[PDB]
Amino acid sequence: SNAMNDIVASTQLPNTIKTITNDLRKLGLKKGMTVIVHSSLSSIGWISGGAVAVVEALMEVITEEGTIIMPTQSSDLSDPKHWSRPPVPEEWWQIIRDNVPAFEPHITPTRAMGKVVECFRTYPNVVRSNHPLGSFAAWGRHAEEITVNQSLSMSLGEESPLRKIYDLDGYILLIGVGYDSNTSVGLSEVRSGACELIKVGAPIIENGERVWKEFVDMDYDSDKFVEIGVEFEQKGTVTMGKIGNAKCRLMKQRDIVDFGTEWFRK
């Protein structure tokens, strides 16, 4: 439950930066690590400091000489034709394309990324990549290298932060979330050459001016991510432990990405 008395009731003693730091280290997070993090704050139990405590815990373990990455997706900038949660009437679609504010990395909020991401993306020295729908944010040693020159088309492909993490043999940390939140599997979708290309649209700043920009991407499908996860855990290497009440998973990104790639091909 997300109701606060349920969250408090689910906890024996407060989670603090210190208890979270200790839990992260026991799980295997280390100084210098490159790690992309996916989370649910409520899954942990009651935390003194809320999202701030988790971000500060992560930074305390990883440090400046490591790199933290988080997806900072902004799907409400997408073309409303495809919307289902909820869908909007068809008479709104062109109004939306004409009026939805352009992606601006320092301004545009994330949607369905979680409070930990909203907190993290506003930290000083956090760098955001340039994609109106599928951006990422990063902090630490490789933050610039990982976020720079993201392509508009194939947002999760070979010219994405996912590929840069892959190149650096980075880790994926899932905090109280499952494989449907594992963005890195999108890179397996692209490399499989299986899933379908679709025409997508989003508002960007182009020539110092708002344009509704059309481009090409994959119709990424998170349901096959969960299937991959189930199989990956029966076969591949993944570490599991708890942060407060959250069941967490830590894994090498290259292991899951390569497994996913072969899975999609069959």
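In case it trips you up, residue 1 is the first one in the sequence shown, and so on.
As recorded in the PDB entry, 223-231 is the stretch of 35-43 and 223-231 with the greater mean C-alpha temperature factor.
The stretch 9-17 shows the higher mean C-alpha B-factor when 9-17 is compared against 247-255 in the entry. As recorded in the PDB entry, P124 shows the highest C-alpha B-factor of the residues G170, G134, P124, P101.
The entry lists C-alpha B-factors for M70, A51, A57, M240, and the highest of these is at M240. Placement of the Cα temperature factor of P86 within the chain: highest third of the modelled residues, per the deposited record. Per-chain ranking of the deposited C-alpha B factor places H106 in the middle third. Residue-level temperature factors show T183 in the lowest third of its chain, judged at the C-alpha atom. Placement of the Cα temperature factor of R141 within the chain: middle third of the modelled residues, per the deposited record. Sorting the modelled residues of the chain by their CA temperature factor places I165 in the lowest third.
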